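> Using only what follows, build the 3D model:
(3 chains)
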Amino acid sequence: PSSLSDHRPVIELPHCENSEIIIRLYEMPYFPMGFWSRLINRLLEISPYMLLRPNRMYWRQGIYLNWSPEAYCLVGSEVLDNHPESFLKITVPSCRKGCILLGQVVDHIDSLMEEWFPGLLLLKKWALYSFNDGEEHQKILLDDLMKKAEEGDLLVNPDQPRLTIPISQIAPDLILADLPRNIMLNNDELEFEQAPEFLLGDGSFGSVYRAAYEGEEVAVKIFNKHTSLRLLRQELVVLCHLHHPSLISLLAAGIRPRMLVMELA
Amino acid sequence: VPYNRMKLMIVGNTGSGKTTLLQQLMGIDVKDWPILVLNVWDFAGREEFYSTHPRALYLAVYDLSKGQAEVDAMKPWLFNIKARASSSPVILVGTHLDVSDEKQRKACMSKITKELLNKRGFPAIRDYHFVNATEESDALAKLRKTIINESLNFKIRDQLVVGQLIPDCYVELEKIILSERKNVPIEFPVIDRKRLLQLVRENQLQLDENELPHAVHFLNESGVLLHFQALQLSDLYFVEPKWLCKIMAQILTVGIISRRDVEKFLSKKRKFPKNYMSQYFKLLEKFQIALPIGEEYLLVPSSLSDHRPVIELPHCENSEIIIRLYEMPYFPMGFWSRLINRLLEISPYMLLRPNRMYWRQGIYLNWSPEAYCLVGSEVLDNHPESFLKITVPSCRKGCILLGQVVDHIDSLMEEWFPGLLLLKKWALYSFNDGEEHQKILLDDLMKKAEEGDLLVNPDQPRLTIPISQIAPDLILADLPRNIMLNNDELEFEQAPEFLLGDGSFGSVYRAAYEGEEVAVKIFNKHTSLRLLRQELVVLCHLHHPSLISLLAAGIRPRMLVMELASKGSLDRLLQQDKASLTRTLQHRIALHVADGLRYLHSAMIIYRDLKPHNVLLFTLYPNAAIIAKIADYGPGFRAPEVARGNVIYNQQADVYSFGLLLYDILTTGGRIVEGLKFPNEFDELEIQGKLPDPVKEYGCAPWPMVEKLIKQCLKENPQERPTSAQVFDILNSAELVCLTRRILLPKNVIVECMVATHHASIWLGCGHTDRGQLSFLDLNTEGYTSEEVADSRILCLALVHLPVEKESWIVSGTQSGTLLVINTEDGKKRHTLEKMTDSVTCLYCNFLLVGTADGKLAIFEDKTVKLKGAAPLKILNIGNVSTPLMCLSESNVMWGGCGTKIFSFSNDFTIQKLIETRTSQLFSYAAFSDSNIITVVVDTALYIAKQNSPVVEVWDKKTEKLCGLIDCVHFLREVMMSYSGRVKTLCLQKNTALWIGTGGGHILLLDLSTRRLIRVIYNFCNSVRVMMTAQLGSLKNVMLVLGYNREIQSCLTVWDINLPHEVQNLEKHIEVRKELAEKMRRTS
Amino acid sequence: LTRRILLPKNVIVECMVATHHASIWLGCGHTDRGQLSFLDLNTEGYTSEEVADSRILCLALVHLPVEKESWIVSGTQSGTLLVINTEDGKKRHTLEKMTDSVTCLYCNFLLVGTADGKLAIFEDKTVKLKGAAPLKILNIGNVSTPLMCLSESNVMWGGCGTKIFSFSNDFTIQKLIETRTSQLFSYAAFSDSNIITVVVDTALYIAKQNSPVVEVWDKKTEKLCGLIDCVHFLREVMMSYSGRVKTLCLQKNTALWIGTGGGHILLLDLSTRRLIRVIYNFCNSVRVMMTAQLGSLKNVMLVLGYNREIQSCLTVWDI
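Numbers count the residues shown, from 1 in each chain, chains lettered A, B, ... in the order given. Take a look at the structure below.
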């Protein structure tokens, strides 16, 4: 209900220690009113089952949702002392179900950034993290985190190497661990040469070759430095629940190479 | 102080005019009469209080013009008076002499000189008068003089017997309370605030355990306030007499009435709490105002029609029915309402509902033409005595009904109308249908029952009657088939060598029945039959595995054949063989006794006598279905509450006694029992409640859980002691059995690592401070010390044992990367080995393996480490600066964790395989899969726990493949942010038990052969830090679980390694016995 | 042939015997004196002649086909036995007086059961003698324990008090079963009662006085085989039906007839112990039932009872 105030109820959460949760931040000085009306319209679609209608509590500029003690998802606007630039904050527990809830939410937020702010892409994406429960959190610009995603290593503290973090906790939607089990790319089965002889065609995201994934000829879409990672999952969203004989089936994704494996015949 | 108040009781029948008599002299009209202040209670109407809750003078009043008939009507009143206060004074006053010819005066005079003034059974009438009218009289002047002088004489009589006069001194504080209770203005005068009122008046009679009970006792006897002591509205609800009497009497007058309609009216009359309303109805029963019929109805005995409804009975010939008569001189007041209350529960099927009818003076139950029952009053001409007639049809069900009726009648009289026990019991019979009945006393039939003969007509031998048809309750024909005595099985001699014991009931002999050892109780000429049947009533309907059952009864020699215990009394065992008394046996005994108590308490039976002498053992074999039983259900070992001799027994008294039994079991020496030999200290000790620590005082091996149970059980306050149901639930626990010790560490001490010495003490690290501090725990004395031994914080400890060289050392790896090595036999022998290039993350040791934070593994030669500054045999580079080694396991091939890889080593320390485990992210969740390995357990598969994971991975080391996942959250999800589900440590037992600690205070026990949850051990502490398997100095294997208990408290818990087995075995044990309980109860 | 034969109003019969060659001798229970009445089933005729001072308790037919004569023996309350020739009613003979009243008779030789538990045995042709002494006398019971059931079904089963006797060819007590042990089953008031009727085939069927059940005993092991609950069967039927057993009759095809004190007669299959059927409202109270063969050779049941104005009724029931 849009008639509600921006009240933020004192709700005790499970997963109170820093490592127990995931925190995602979106910075921008102001998100013009109507933004949150469109946001909640998209937020009231979240459902991890798709890959239950819990005691959600709409906060006008965000929502509680609740879900379960095991998995929950808080989304809403924030502002800090001496930090007038407002921001969105997402809190889910550090687990796969939380990752799923997060993944759907961040796609809904970006869908809104394309809708409410068409062409604006301000909207700075930060991964909030700490190396020890109870400590102060630090922020990683996701662009730099993606530079590290290419490395594939842990976040390593250069001053104190003893402190490292398994990057997927920092950003659960970076690495596709929240996919339907049947489409997680088996990297030991993707016989993908990437030679010109395997070309089928191309596209704005890169080019299309083919491979012998699990012994079967499949089409492969390479997101060749044209907004990879992002476009890849956005396509996966379209592919999710897409089921018809006349359509090209998804035969596992592949966030590590940024290469989708599709039905070829 | 010299209390000068006395009650005056004015009684008589309706119509006497005795109220006006009082007015001239000066439910119930209560008022003071200062003369000596008399508390006058005028029972003008039928206020049952004189029987429903019975220092007083009894003024009896009757109307002389009615005459001798009225005199006889007063006999029930006199009976009741004697029956409750035979020592009290009685003044008999006849009235309305101005309309009564002296003929009647002298007729009644002679009537009382012949039948009351010199007649035993009546409370020795002290004096009497005749009065013309209540307008005043010289007779009344004399009466006033009589009452005064006689009340003085009465108190003199009390001094002669009781020890108290009319100025008897009573504690002044009780007197004060009387005044305090007088000064009470409450709308609904039900009092609980009395506790505060005690505190208002400073605090007098401060012995709440003794003086308070005496004050209350006094307050009811003195007529100040009313306790109602098993009602809920009893102890904490002191109620103004005026309301009690007024409201209940009025509601009677405001005959079957639905409860709900009564509730409707009552709610408008006086807005009582519904809780109080439920008690209100219970009080109506208690005070004989109204009796419960169905759950929705009340009988309301008073006002029931007194014109016995026309009842046509089936059966007419003499031989078709059985008749029993009870001859009485008069029925006691309330006799019938009490009798009815009992008879309403009769049923021939208890081993469709009946068409019940009520006469006020009788009950008719119908059920079926096959079995029905009529009980009611009848009177014959020329026979002043009144009497009961019981009629049932002559068949087995009819017999069963008869038995229930006569048992209730006799029980009624024993409890409420003693003195009669007059009650001439007659049986009716005839030798030919169509003729008249003949009377015979049951005593004579008992004489014939002993012969076993037929009743024979002494004049005509051709006419005989089987005794059973006349009196099927003399011969036990109403027994369940299951307990009829088979005379071809029972084999006994009654010879001296078989005598097991005796008592007021007769004697007990050892015998054989159906090839089994049994005990036979013989009612050898001790008011038998009645005692026999009382025991039969109690024994039947109690069918629990922990009680001694009845193995058939038989009237022919009047016997009860019961189970005989084979191992004898607990008492003997305690003083005979401690070797039999193992920890396992002890626990099982405690369970069996607790069940019996729970059962009997649910049956509303207070045992009142637990002790080692009453516990019987049927086999010392620890793993048996039934081991202990409670004897004879239905000294200096008393609760301190009941030990006062001024309260009433209840379940809490039994619980307290149980606690003492448990204490006695705990200390197998029976040390408090040995204390009995000096009873002057023993009985007082229990009264004091100041029992010594069972461990420290007697040298008894620790048994926490039980120790606190005893403390919880033996509390001074009955309302704080545990219920017997709860006691059982507590005893029902595997944790109870297997927890052996619990040692708390000093406040704000944090231990991050442990090394037990395999030979009885533990070396402890210390992560509380930021300094290398080494602590030490002595398990033999629970001693504790600690000293700083290094600069940076100690991370890992390891024991180097050189039995060949006869020495051992503690290796302390720390944050600085140094290795401090200290001789366990000499604290002065401290030295440091070659410093590592990074901190030490784990140690294992023969070679001393040092896993460092930079992924480097140093291998030191076995004895070499003795030397200061010694270098390692060789060094391996396994991981890197960001991938520390964190686990070296071995169960001669090594396995271990490095970052996300599992490595393995040969005896040459070469790498035999680097298994990347990150690939497991195809299953589960990538942030769990991609995380540093904490521990590796090596069995027939590898069990991997990673940092902050809730999932344990199972790997097939033979093919290097993921073979399963263990979801810890799931297990605790089934259990109804302490539930983090984070895996802390893994320990493995070769009997398939897998021990998993976690973030919260939970330990999961899993079955390695099926990957299933055996049990969740929990509410342990705040969080589990480490778990170790270690053999104690007595060669016992235990789990050493060190945890946090944030107030940073921490502690060491020691568990018996067989916990997994105890969980399953205990569960089985309990279930088997549960089934047996139903088996027994169902047979009946 | 279900012939509803009625006697004069207030005629009461305490004993009977049918001539097995078509007529029935009936004892005049409605009188105060031993009178012997006689029913002619061929003409439905009925007469009577006085035979003794005390009442007749039991009638029996003595027949000597080799002598071409027959007699009705009247065992009376006096203990005397009057023998009356049927070919000549004036040709009467007297047997030696018993020590107590005669409760039952069975006739080769005549067995005489008495109230004091004695069994007198009179040799067949002593029936022609007056003041005749018995062949042999057995001491079975006593004054408190009467002998009442003489059931040959070639040995004699004896119902005496609560015990069952079996007598040999020379009157030796072959067996003795005290049935008081049956109290473990049924109900003591029933168990402990004098035995009235004993029926034997493969087992013994015991009707005790005022019992609603019949005990079944194993003659081969002397053990209780089971109980027949008559009042139960009447319970199954939808103080007139007390269920007290009055008489047991049994045909070789297991046809057990149980006459009760009411108007119901139970027919039960002893090969399976099952109720076959019930005769309903026969009369207000069935007294006795005699299996008999008519002049037409028809197998009938002489059901004798009352329709209480006491109305004696004999139905020649079609078996």
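
> Mind listing what's buried along stretch B:569-588?
Using 16 or more other CB atoms under 10 Å in any protein chain shown as the test for burial, stretch B:569-588 gives B:569-571, B:573-574, B:581, B:585-588. Heads up, the C-betas are built off the backbone N, CA and C, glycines and all.

> need the contact list for the closest residue to residue B:1057 other than its chain neighbours.
Of all residues not flanking residue B:1057 in the chain, residue B:1037 sits nearest, at 4.0 Å (CB to CB, 6 or more residues apart in numbering or on different chains). By CB atoms under 8 Å, 6 or more residues apart in numbering or on different chains, residue B:1037 lies in contact with B:1029-1031, B:1057.

> hang on, the earlier thing: among the buried residues of stretch B:569-588, which are in strands?
Counting by DSSP state E, these place residue B:569 in strands.

> Give me every residue in the stretch 301-450 of chain B lying close to chain C.
Residues of the stretch 301-450 of chain B lying near chain C by CB under 8 Å from any CB of the partner chain: B:314-317, B:319-320, B:370, B:394-396, B:399.

> Select only the buried ones of those in PyMOL?
Buried residues among these (16+ other CB under 10 Å), as a PyMOL selection:
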select buried, chain B and resi 314+315+319+320+370+394+395+396+399
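
> tell me which of the residues of the stretch 301-450 of chain B next to chain C is nearest to residue B:121?
residue B:399 (34.3 Å; CB to CB).

> Quick check: buried residues in the strand or helix carrying that closest one?
Residue B:399 is part of helix B:396-416, with elements assigned from DSSP states H and E. By neighbour count with 16+ other CB under 10 Å, helix B:396-416 contains the buried residues B:396-410, B:412-413.

> Max pairwise distance over the residues of the stretch 301-450 of chain B next to chain C: which two?
The distance between the two most remote of those (CB to CB) is 20.3 Å, for B:316 and B:396.

> returning to what we had before: just the ones of the buried residues of stretch B:569-588 in helices?
B:570-571, B:573-574, B:585-588 (DSSP state H).

> so who does residue 28 touch?
I went with chain A, as the question did not name one. With CB under 8 Å, 6+ apart, residue A:28 has these contacts: A:85-87, A:122-124.

> My question was about chain C, not that one.
By CB under 8 Å, 6+ apart, the contact list for residue C:28 reads C:11-14, C:34-37, C:48, C:55-56.

> Sitting in helices, which of those residues do you find?
Going by DSSP H, the helices hold none of the contacts of residue C:28.

> Most neighbours among these, which one is it?
residue C:56 (29 neighbours; other CB atoms under 10 Å in any protein chain shown).

> wait, isn't it in contact with residue C:76?
Yes - judged on CB atoms under 8 Å, residue C:56 makes contact with residue C:76 at a distance of 5.5 Å.

> Now the common contact residues for these two.
residue C:34.

> that older thread, now, of the contacts of residue A:28, which are buried?
Buried, going by 16+ other CB under 10 Å: A:86-87, out of those.

> In TSV: the contacts of residue A:28, plus distance to chain B and secondary structure.
Shown next, in TSV, are these (distance: CB to the nearest CB, whole Å; DSSP: H, G, I helix; E, B strand; the rest coil):
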residue	distance to chain B	secondary structure
A:85	29	strand
A:86	29	strand
A:87	24	strand
A:122	29	coil
A:123	25	coil
A:124	24	strand
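
> still on that earlier bit, okay, among the ones in helices among the buried residues of stretch B:569-588, which ones form the most distant pair?
Farthest pair in those, by CB to CB: B:571 and B:587, 18.8 Å.

> all helices for the stretch 201-319 of chain C, in order.
C:230-236 (DSSP state H, counting those that start in this stretch).

> Closest one to residue B:8 out of the buried residues of stretch B:569-588, please.
Nearest to residue B:8, judged by CB to CB, of the buried residues of stretch B:569-588 is residue B:571 at 54.8 Å.

> Quick check, the closest one in contact with residue B:612.
Yes - using CB under 8 Å, residue B:571 is in contact with residue B:612, at 3.6 Å.

> any residues in contact with both of those two?
B:670, B:673.

> What number of residues are in the vicinity of the one residue in the stretch 1-150 of chain A that gets nearest to chain B?
Going by CB to the nearest CB, chain B is nearest to residue A:96 of the stretch 1-150 of chain A, at 3.9 Å. Neighbour count for residue A:96, taken as other CB under 10 Å: 19.

> One more: residue C:128?
Other residues lying near residue C:128 total 16 when counted by other CB under 10 Å.

> how much space is there between residue B:958 and residue B:913?
11 Å (CB to CB, to the nearest Å).

> One more: residue C:301?
102 Å.

> Also within reach of chain B: list those from the contacts of residue C:28.
Answer for the contacts of residue C:28 near chain B: none qualify (CB under 8 Å from any CB).

> Just put those residues in CSV and tack on distance to residue A:75.
Shown next, in CSV, are those (distance: CB to CB, whole Å):
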residue, distance to residue A:75
C:11, 110
C:12, 107
C:13, 107
C:14, 108
C:34, 118
C:35, 118
C:36, 118
C:37, 115
C:48, 118
C:55, 113
C:56, 114
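
> for residue B:982, what are its contacts?
Contacts of residue B:982 (CB under 8 Å, 6+ apart): B:948-950, B:998-999.

> which one of those residues sits closest to chain A?
Closest approach to chain A among the contacts of residue B:982 (CB to the nearest CB): residue B:948, at 5.6 Å.

> hmm, back to that, next one: phi and psi at the residue of the stretch 1-150 of chain A closest to chain B?
When quoted as degrees, to the nearest 10, the phi and psi of residue A:96 stand at phi -60, psi -40.

> Give me the nearest residue to it, chain neighbours excluded.
residue B:925 (3.9 Å).

> Could you give the number of residues near the one you found?
24.

> Just to check, it is in contact with residue A:95?
Yes - under the criterion of CB under 8 Å, residue B:925 lies in contact with residue A:95, with a separation of 6.3 Å.

> near chain C, which residues of chain B?
Contact residues (CB under 8 Å from any CB) of chain B with chain C: B:314-317, B:319-320, B:370, B:394-396, B:399, B:454, B:456, B:461-462, B:464, B:466-469, B:472, B:475, B:477, B:481, B:484, B:486.

> how does it look with 6 Å?
Residues of chain B that fall close to chain C, judged by CB under 6 Å from any CB of the partner chain: B:315-316, B:319, B:394, B:396, B:456, B:461-462, B:464, B:466, B:468-469, B:477, B:484.

> how about the residues of chain B near chain A?
Residues of chain B lying close to chain A (CB under 6 Å from any CB) are B:853, B:881-882, B:922, B:925-927, B:930-931, B:948, B:977.

> hmm, I was thinking of the stretch 201-319 of chain C
Along the stretch 201-319 of chain C, not a single residue is adjacent to chain A under the rule CB under 6 Å from any CB.

> Of the residues of the stretch 301-450 of chain B next to chain C, which is the nearest to chain A?
Chain A has its nearest neighbour among these in residue B:370, at 61.5 Å by CB to the nearest CB.

> returning to that earlier point: and the residue nearest to residue B:1057, bridged to which residues?
Beta-bridge pairing of residue B:1037 under DSSP bridges involves residue B:1031.

> Same check on residue B:820?
Assigned bridge partners for residue B:820, using DSSP bridges, are residue B:812, residue B:832.

> Report the closest residue of the stretch 201-319 of chain C relative to chain A.
Nearest to chain A, among the residues of the stretch 201-319 of chain C, is residue C:236, at 60.8 Å (CB to the nearest CB).

> Setting aside sequence neighbours, what's the nearest residue to that residue?
residue C:275 (7.3 Å).

> Find the pair from the contacts of residue C:28 with maximum spatial separation.
Spanning the widest gap among these are C:11 and C:34, at 15.3 Å by CB to CB.

> What are the boundaries of the strands in the stretch 201-319 of chain C?
Shown for the stretch 201-319 of chain C, the strands assigned by DSSP state E, counting those that start in this stretch span residues C:204-208, C:213-218, C:223-229, C:245-251, C:255-260, C:265-269, C:274-279, C:285-293, C:299-306, C:312-318.
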